[PDB]
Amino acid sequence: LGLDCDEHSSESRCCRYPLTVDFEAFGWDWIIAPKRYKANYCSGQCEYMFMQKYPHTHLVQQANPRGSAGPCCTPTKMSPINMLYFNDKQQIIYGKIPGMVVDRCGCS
C-alpha cells in the first residue's frame, strides 16, 4: 500500500503524484482517443526499509556498496489504457496498451 500526494504535499518520501498526459497538447493527431489521460508519476526519498516490494533491496542497503546511491522511487503497480489510433499502414487500430498508468510507487 503506497502513498498518494498532491503537488503541495509536505511528504518527502516516495509517493505517487497526479499528472495528465495530453496527446492533443503534444500535437499527436495520430491518436484518435483518448485525447488525454491520467498517467501520474513517482517522486520521493527511499530511505532504509521504506516501501520495498523485494527483499533484495534492504539486503543491498545493509551490504552498503560504494557505487550505489541506494534504491529509488519507481512504479510498483501499472495499468493499461485502451487506445484508438492511426498506424503507419493506412489503418485505424484499437488496442489495450499495457504500462500506461502508474497506480502505485515504491522503492527498489
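Residue numbers run from 1 along the displayed sequence.
- In the record comparison, residue 27 is modelled in each of the other entries of this protein that model the residues flanking it, with no third of them omitting it.
- Modelling of residue 83 is complete across the other compared entries in which both of its neighbours are modelled; not even a third of them leave it out.
- Across the two stretches, 66-74 and 27-35, the PDB entry reports the greater mean Cα temperature factor for 66-74.
- Relative to its counterpart among 88-96 and 18-26, 88-96 has the higher mean temperature factor, C-alpha atoms as listed in the PDB entry.
- For residue 43, the recorded CA temperature factor ranks within the lowest third of the chain's modelled residues.
- In this PDB entry, residue 59 carries a Cα temperature factor that places it within the middle third of its chain's modelled residues.
- Looking at the C-alpha B-factors along this chain, the one for residue 81 belongs to the lowest third.
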